[PDB]
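J.: Pasting in a structure now, in structure tokens, and then I'll have a few things to ask.
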Amino acid sequence: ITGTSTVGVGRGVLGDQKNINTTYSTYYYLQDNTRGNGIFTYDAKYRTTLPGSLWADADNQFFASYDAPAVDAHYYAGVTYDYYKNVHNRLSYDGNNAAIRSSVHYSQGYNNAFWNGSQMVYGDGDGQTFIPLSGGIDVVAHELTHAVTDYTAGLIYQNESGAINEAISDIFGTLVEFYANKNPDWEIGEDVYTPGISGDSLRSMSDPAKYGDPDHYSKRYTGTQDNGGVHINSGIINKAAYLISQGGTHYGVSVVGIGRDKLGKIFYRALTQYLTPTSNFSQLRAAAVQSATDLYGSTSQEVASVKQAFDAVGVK
Ligand SMILES: [Ca+2]
Ligand SMILES: [Ca+2]
Ligand SMILES: [Ca+2]
Ligand SMILES: [Ca+2]
Ligand SMILES: [Zn+2]
Numbered sequence: 205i206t207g208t209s210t211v212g213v214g215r216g217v218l219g220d221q222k223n224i225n226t227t228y229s230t231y232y233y234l235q236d237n238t239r240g241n242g243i244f245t246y247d248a249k250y251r252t253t254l255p256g257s258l259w260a261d262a263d264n265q266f267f268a269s270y271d272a273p274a275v276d277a278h279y280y281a282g283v284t285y286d287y288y289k290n291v292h293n294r295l296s297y298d299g300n301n302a303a304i305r306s307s308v309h310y311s312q313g314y315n316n317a318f319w320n321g322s323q324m325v326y327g328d329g330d331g332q333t334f335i336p337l338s339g340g341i342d343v344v345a346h347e348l349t350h351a352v353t354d355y356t357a358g359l360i361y362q363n364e365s366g367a368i369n370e371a372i373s374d375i376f377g378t379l380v381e382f383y384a385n386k387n388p389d390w391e392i393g394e395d396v397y398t399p400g401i402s403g404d405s406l407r408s409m410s411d412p413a414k415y416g417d418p419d420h421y422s423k424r425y426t427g428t429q430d431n432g433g434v435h436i437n438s439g440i441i442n443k444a445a446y447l448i449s450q451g452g453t454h455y456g457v458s459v460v461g462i463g464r465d466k467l468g469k470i471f472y473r474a475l476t477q478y479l480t481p482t483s484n485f486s487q488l489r490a491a492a493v494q495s496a497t498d499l500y501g502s503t504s505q506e507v508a509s510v511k512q513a514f515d516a517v518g519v520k
């Protein structure tokens with residue numbers, strides 16, 4: 205909408221106070237004019253018609269319980285925007301400052317969030333398995349990263365290219381988490397998962413096996429469920445990514461960690477310059493080695509660490 209940029213205040217899903225960029229025109233809308241061609245957040249009002257209505261508030265204060273998922277979807281989209289712009293010089297998900305649109309209050313007791321080709325969509329959870337999913341910055345950035353992938357490599361959402369697609373989202377989801385520096389970890393979804401149980405999550409990058417996911421190629425899932433295991437076999441790549449960043453010894457193979465920023469630069473370069481819609485795991489390894497070469501040189505520690513990491517997860 206047309207109006208004037210203002211700054212509202214509210215509380216997110218976890219009860220934390222934050223400022224948000226809004227737009228005034230009779231009401232105050234969740235429309236952030238400070239990033240690209242705008243960040244826009246919508247109310248799906250418990251239904252599944254999208255995007256729903258642009259979020260409007262009478263007083264620019266967003267402390268109602270119903271407000272909290274909107275507050276975080278809006279805020280964490282901006283954090284994710286900032287990550288990609290400041291760290292990777294990428295302007296929004298298409299690289300040309302496309303408007304980032306999100307809808308919250310999607311459906312009833314909906315235990316999931318997703319990018320639907322055009323926008324972000326967040327359920328409120330059923331309150332047992334999940335609370336509103338926009339509460340999790342890694343969830344927000346994971347899903348926004350699918351838009352980035354769709355506009356770059358375009359990894360098909362099935363089998364190995366699909367699992368790479370998933371891993372890429374968990375990797376940058378995690379790096380955004382660290383970027384914001386609020387209780388960062390290498391697990392996914394912990395902030396909005398099972399409010400009655402502490403210490404768990406949907407997935408773990410550092411030990412995928414903690415939630416039944418493979419951490420080696422020889423353990424990969426090869427059935428037809430989950431589009432050929434995209435959220436399962438992602439563990440193998442996530443493991444490799446963890447090892448490149450933090451290092452360790454996995455099934456006897458030692459990896460010297462190079463840190464998150466370099467992991468981020470190598471995988472960003474791989475995603476945007478070498479990967480393709482049908483890339484398999486072995487092709488990901490080569491893209492990663494080639495990217496670290498570009499960035500650090502053939503003889504760098506960095507290149508060596510990348511090869512060690514993929515060796516460690518059985519990917520040649
Ligand atoms: Ca209000
Ligand atoms: Ca965390
Ligand atoms: Ca996390
Ligand atoms: Ca939990
Ligand atoms: Zn995903």
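In mature numbering (1 follows the signal peptide of the UniProt record, and there is no 0), each residue carries its 1-based index in the sequence shown increased by 204. Just so you know, even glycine gets a beta-carbon here, dropped at the ideal spot from N, CA and C.
Roughly how many angstroms lie between the CA atoms of residue 387 and residue 206, to the nearest whole one?
T.: The alpha-carbon of residue 387 is positioned some 37 Å away from that of residue 206.
J.: Determine the burial state of residue 341: buried for a count of at least 16 other Cβ atoms within 10 Å of its Cβ, exposed for fewer.
T.: buried
J.: Could you tell me whether the Cβ atoms of residue 331 and residue 422 are closer together than 8 Å?
T.: Cβ atoms of residue 331 and residue 422: not closer than 8 Å.
J.: Helix, strand or coil for residue 478? Go by DSSP, reduced to three states.
T.: coil
J.: Of the choices 373, 337, 363, 336, whose alpha-carbon is the least far from that of residue 354?
T.: 373
J.: Can you give me the Cβ contacts of residue 269 inside the same chain, cut-off strictly under 6 Å, excluding the 5 residues immediately before and after it?
T.: none
J.: Determine whether the beta carbon atoms of residue 479 and residue 359 lie at a separation below 8 Å.
T.: yes
J.: Go ahead and label residue 481 buried or exposed: buried means 16 or more other beta carbons lie within 10 angstroms of its beta carbon, across all protein chains shown.
T.: It is exposed - the Cβ of residue 481 has fewer than 16 other Cβ atoms within 10 Å.
J.: So, helix, strand or coil for residue 425, using DSSP?
T.: In the structure shown, residue 425 adopts coil according to DSSP, grouped into three states.
J.: So what's residue 461 in DSSP terms, helix, strand or just coil?
T.: coil
J.: Just reading off the beta strand (DSSP E) that residue 285 is part of, what are its end residues?
T.: Not the beta strand (DSSP E): residue 285 falls in the alpha helix (DSSP H), residues 272-292.
J.: Measure how close the beta-carbons of residue 279 and residue 308 come, nearest whole angstrom, since I'm counting them as under 8 Å.
T.: Going by Cβ atoms, the distance from residue 279 to residue 308 rounds to 12 Å, so no, they are not a contact pair.
J.: Report back the beta-carbon spacing between residue 454 and residue 466 to the nearest angstrom; my notes put them in contact at under 8 Å.
T.: With 8 Å as the limit, residue 454 and residue 466 do not qualify as a contact, their Cβ atoms being about 19 Å apart.
J.: Is there at least one Cβ from chain C nearer than 8 Å to residue 225's Cβ?
T.: Among the protein chains of the structure shown there is no chain C, as only one such chain exists.
J.: Taking its Cβ as the centre, do 16 or more other Cβ atoms sit within 10 Å of residue 368, making it buried, or is it exposed?
T.: buried
J.: For residue 512, does the three-state DSSP call read helix, strand or coil?
T.: helix
J.: Can you find the residues in the same chain that come closer than 8 Å, C-beta to C-beta, to residue 215, ignoring five residues on each side of it along the sequence?
T.: 221, 222, 266, 267, 271, 272, 275
J.: Roughly how many angstroms separate the alpha carbons of residue 251 and residue 412, rounded to a whole number?
T.: Roughly 34 Å between the two C-alpha positions.
J.: How about residue 524 and residue 451: do their beta carbons lie closer than 8 Å?
T.: What the structure shows of the chain is the stretch from 205 to 520, and residue 524 is not part of that stretch, so it cannot be assessed.
J.: Could you say which of 238, 397, 296, 352 lies nearest to residue 314 if we only look at CA atoms?
T.: 397
J.: Can the beta-carbon of residue 290 be found less than 8 Å from the beta-carbon of residue 241?
T.: no
J.: Using DSSP with H/G/I as helix, E/B as strand and the rest coil, what is residue 377?
T.: helix
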